[PDB]
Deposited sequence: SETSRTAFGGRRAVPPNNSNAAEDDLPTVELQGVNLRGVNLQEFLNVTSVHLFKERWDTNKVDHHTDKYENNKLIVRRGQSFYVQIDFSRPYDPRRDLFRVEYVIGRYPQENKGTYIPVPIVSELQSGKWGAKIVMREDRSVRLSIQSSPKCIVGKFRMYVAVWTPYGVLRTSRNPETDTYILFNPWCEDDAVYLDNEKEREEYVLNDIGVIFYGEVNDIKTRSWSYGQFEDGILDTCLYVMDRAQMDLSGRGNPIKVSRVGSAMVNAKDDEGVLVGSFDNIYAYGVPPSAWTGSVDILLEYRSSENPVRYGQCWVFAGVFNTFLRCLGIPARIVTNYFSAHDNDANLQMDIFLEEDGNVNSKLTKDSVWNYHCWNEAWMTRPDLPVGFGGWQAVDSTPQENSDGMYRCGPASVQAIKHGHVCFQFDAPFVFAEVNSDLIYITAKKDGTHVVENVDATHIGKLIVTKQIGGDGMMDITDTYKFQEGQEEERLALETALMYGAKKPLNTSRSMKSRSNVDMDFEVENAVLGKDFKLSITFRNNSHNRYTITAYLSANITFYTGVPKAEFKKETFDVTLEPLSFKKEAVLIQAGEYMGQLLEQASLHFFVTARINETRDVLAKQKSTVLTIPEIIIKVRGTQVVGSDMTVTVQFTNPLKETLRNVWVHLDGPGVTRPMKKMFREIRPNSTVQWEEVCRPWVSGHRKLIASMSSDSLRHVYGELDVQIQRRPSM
């Protein structure tokens, strides 16, 4: 058999290695190599890699680090020639960036690999080695090679000098350069996140362990790339790293990290709501070598955020409220109505997500016109795009905002996710359709991300979207429609306002809903209004109409009328899906004019929290007792209750099951923890049973030493 497709196989694994020749004795031989790689030393402290739980050297590219080489006799520039080498993959080649000869230079030059001798003492040489800020990101093998008249002598393989080179947000020349220390700490070095969920008028918050500095996670991130068969030459490009790595998050057929499941039962797996962070998922991915079950969007985003921050690409998780996923770049979503004004539930099949999470990753975009760098949206939860059912992005958030959705990747899809209109259409009994009105403000209503400060939410709606109704927004849509956005149904689009408001309620309580009508006309109207209320998944998918009601309203001239109804706990209580989401349509026909009024609202019931307590001394290297408390407030008994505890630098992720919990009963779980990370830290918990799940709790702790 001949290798006729190419002379050397793709170099697409960091784990694979070649064996370099040592010979390829008055000449220099190296007796020792010192990397000054302790976590308190200069290199890791200054490279901002001292948090990794890893005893190998770890630097960031584009920036100098110090090494010392000890020789058999003193190096003498009049007769000796040596260089350090960095090698990666089974098939390294200099012109692919995977064999890197580092030349001894008099002065370091910006942008280039080089090694300057900064000290010469007895048989030792100290070097300041600068890597290219374009360098491939991975774990390299280091060698020293000595050039003689007879050939090259080289050190033997030594795993103790293996060096990780990562992306460098502090380096001005790096594509990932971020010029604000507060931002770098949050978006690169903070290992604890906050995810926003619930619904726009009742924003819920939960904590998430990114856990990027934990033991084994860096190596797992490299493994992800190897399992993608990612060419080593693309691993210094933060765009392709985002592109490929996000494609690995969703598992298709035994090939990526997380199996997606939205089925509310999760039979041979763990429920998406049980995860407390990315650590146990990634390490189970790596140890099993097979997808982990199961995830949904915030779990994909959690894990992907860990991947990016671990490699050094600044990253954050975004929550969009009222999200059109499945858009296919079309900007109109339809609600169909019967001739009397009711919602047609046979035909209304497209749903709005109450919220949806994706990721943003900071980088220049030298593939695009100037102005498109900064945050790039990446959504690893698949939707139909130009190529098939896949992740979307990296798409420039600036390009999305301006409508310039020809620039890669998948910009039209993220654009439609936050900018679609709802179209209310009557489906008539003769089979024709009539367009009743349009809602342009519902989708992409609020977009938020964790603040830099602490756990508050930051409103980043206007980074994706210009002001509704105004000229920049109009210009962006006009340009978007040239480049793959679609909005086919032209909306050449009486004098009655209708709204409604739904109270937020604790799980198991009743709640009120009231509908408001304003007649600004001088004539009287008879209206028939319909209330339709469904149990839904957080994606908007409706499971059942749990309440339905019709209201006969007469409206006087120049009048305001409010109507109220009580929803009782027993109308929804055995029927909720996980996350306890509810959806409300209020639709109505004005008899005199045949106009339609229409409004939608989402609610989630408030799920009770876990209580976490601590007794003892809170010190790196010392024992503390953590108590995890859960009180079952339901009038039924919860079964197979798995409790999860987490908190990076404080404990590995752990879980504990309780066979049942009788009504109104409490359980307590005690674990002795021994912290390895000092300072402001956090303990984090979740609970999943065979019914009630999406239960969380956290506790901020401060650690000493």
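Going by the record, the unmodelled stretches of the deposited sequence, in order, are 1 to 6, 31 to 41, 511 to 515, 728 to 731.
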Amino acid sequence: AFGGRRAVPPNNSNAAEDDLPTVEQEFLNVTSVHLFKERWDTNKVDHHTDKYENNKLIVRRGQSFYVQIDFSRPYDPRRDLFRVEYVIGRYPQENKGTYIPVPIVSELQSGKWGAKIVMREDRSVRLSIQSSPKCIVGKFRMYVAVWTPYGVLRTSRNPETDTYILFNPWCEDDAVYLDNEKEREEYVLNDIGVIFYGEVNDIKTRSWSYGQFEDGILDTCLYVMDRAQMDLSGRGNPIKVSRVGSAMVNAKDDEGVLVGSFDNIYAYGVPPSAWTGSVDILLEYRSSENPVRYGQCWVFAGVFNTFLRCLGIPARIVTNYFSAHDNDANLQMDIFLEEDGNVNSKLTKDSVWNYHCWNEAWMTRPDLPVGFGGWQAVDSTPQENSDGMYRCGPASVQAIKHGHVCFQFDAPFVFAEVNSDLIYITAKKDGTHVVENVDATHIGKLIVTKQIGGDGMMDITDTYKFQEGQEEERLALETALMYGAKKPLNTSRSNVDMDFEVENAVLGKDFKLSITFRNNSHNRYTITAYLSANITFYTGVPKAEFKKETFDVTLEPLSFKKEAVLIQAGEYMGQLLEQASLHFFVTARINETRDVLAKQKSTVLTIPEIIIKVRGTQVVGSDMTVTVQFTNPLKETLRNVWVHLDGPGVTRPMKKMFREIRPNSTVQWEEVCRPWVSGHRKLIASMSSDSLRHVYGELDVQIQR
From here on, numbers count along this sequence of modelled residues.
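Comparing the deposited coordinates for 161 to 169 and 560 to 568, the stretch with the larger average C-alpha B-factor is 560 to 568.
Note on 420 to 428 vs 602 to 610: mean CA B-factor is higher in 602 to 610. Per the PDB record, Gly616 has a higher Cα B-factor than any other of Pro103, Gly89, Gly616, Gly540. Annotation for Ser233, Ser380, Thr479, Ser521: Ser521 ranks highest, by Cα B-factor.
Among the modelled residues of the chain, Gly211 sits in the lowest third by CA temperature factor in this PDB entry. Looking at the C-alpha B-factors along this chain, the one for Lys656 belongs to the highest third. Per the deposited record, the Cα B-factor of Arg589 falls in the highest third when ranked against the other modelled residues of its chain. In this PDB entry, the Cα temperature factor of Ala15 sits in the bottom third of its chain's modelled residues, the lowest group. In the PDB entry, a CA B factor belonging to the highest third of its chain's modelled residues is recorded for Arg639.
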